[PDB]
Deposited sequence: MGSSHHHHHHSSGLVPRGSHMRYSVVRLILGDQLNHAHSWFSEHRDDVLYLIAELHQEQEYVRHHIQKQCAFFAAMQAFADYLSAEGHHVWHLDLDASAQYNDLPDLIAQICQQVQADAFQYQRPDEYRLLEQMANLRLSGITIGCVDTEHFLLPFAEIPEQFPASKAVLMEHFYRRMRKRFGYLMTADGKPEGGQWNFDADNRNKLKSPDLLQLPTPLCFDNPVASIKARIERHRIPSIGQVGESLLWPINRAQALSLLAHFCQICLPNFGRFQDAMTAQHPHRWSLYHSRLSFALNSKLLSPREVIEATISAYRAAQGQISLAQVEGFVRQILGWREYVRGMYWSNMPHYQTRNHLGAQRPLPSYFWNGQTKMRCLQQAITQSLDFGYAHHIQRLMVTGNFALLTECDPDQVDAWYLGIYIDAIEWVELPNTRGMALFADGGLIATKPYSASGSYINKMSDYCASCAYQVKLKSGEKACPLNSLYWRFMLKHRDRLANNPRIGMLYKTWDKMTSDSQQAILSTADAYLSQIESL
């Protein structure tokens, strides 16, 4: 039937992979929805729908290109016990002589494929041909258990790939990082000017029925249509919409949050993370499209916006991938601060009196997405200050977000947010009181708590929790604000924090 069998996973939808540059009738391509891939974490139903639709679209595109593709849905993959069983049975059925696959982007899948063994079949693993940094270079660029600085890696990447560089090898604009100009709050004139996010109309009724018929666990909600891009064409449309609509304001409101506007869930962000992680788009092409848009705008897009966007993909994404692949098997076990508190229940329903937490959790449950500052300084900050269990936080983050693959979820969550790796990524806890939220958002205007109150009834819980965290880990000018208080005020704040922790289920 077939001599070579190649496997395509759900996040390896690269239309430009070297595999498909060759048109061969002795090669059979395999894409399959997998119970085991739905069982290692409780995915968002939006994420499951998006991945299934994207896999079907990729299979259809490859078949239209002439390649032999066998797409197996849950109704056809249930007969096999797991992915190795599926691979072995299909290879034996087609009498294949060789099996090949692209290197997975999670440690569990990578180890599973590495330990896969087939009788009389040569096993091969090839690069996904997606990431800017080659996989083999990770050991040198990221020593194990080494607190690699993201700024130096980002500068090296900028020099290596020639992005935002002068003719004499210097950063464009006179400085490497423009984040200081990218910390503005959304005001009423800005809120009125918020653009309509680009949404797609992808029916998901059949996919949802298939998921429910197989009793696949899931979280979140979907209607009859999915707004997320499910193919390369829709991903390119989203990229163009970002470039011509949101890019002139992406940096300016990178850290902004709001509870007023109906489009508060998107703001000026790209929302291209799923397309990049599913590999429908490449980081190189996204970066170059944004740079070309910035150069064409003739000043309408300032250097800070394009630099802040290019940092997130060139430096942060590649750096997180490198740190993950250099430290993973032991990185998963790191609990530096000894956090063991169970995750509060409202993380699954959004029923909390804290406005920031309610907005972030409800947005994640309804859209399967939250922009970066939410994940870092609302949910991440709450989990860090409340000493929530890193395992449960990782499960929530890896499941509820459509763009969540462990290679990027684990460092950002365990290290950057929870400081559970000792600072190998963040180098400092991203701990904040309610003052940061009040400065960057309008949540405190709609909150039942008072952000100007630090202790007592109706005070913002973050104010007491942050100070309790800082005093608990004081041995590492911040504490000046603590040393400038009366002892009675300090004890009132600490007792308020303890009471809030005791009633954490009623916040």
Sequence ranges without modelled C-alpha atoms (deposited numbering): 1-21, 498-505
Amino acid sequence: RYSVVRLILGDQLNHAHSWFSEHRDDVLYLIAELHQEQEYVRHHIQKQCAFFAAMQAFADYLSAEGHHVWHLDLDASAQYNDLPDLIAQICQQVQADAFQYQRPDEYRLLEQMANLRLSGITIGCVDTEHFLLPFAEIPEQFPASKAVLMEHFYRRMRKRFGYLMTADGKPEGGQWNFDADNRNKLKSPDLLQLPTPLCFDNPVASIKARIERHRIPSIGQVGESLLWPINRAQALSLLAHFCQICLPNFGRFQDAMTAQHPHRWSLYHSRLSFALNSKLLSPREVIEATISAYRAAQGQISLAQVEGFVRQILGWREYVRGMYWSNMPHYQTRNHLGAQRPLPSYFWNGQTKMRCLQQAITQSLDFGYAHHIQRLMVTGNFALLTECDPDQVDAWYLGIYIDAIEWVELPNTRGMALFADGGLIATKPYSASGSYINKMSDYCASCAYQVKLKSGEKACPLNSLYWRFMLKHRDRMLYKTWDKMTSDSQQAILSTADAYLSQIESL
From here on, numbers count along this sequence of modelled residues.
Could you check the entry and say whether 284-292 or 151-159 has the higher mean CA B-factor? 151-159
On mean C-alpha B-factor from the PDB entry, just flag whether 176-184 or 306-314 is the higher one. 176-184
Hey, out of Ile219, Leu227, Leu384, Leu133, whose CA B-factor is highest in the deposited coordinates? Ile219
Which has the highest CA B-factor per the PDB entry: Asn231, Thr128, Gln141, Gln254? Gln141
Third of chain Cα B-factors occupied by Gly422: highest
Which third, lowest, middle or highest, does the CA B-factor of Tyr430 fall in along this chain? highest
Third of the chain, ranked by Cα B-factor, where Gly322 sits: middle
Chain-wide C-alpha B factor ranking for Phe58, given as lowest, middle or highest third: lowest
Binned into thirds over the chain's modelled residues, the C-alpha B-factor of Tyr479 lands in the highest
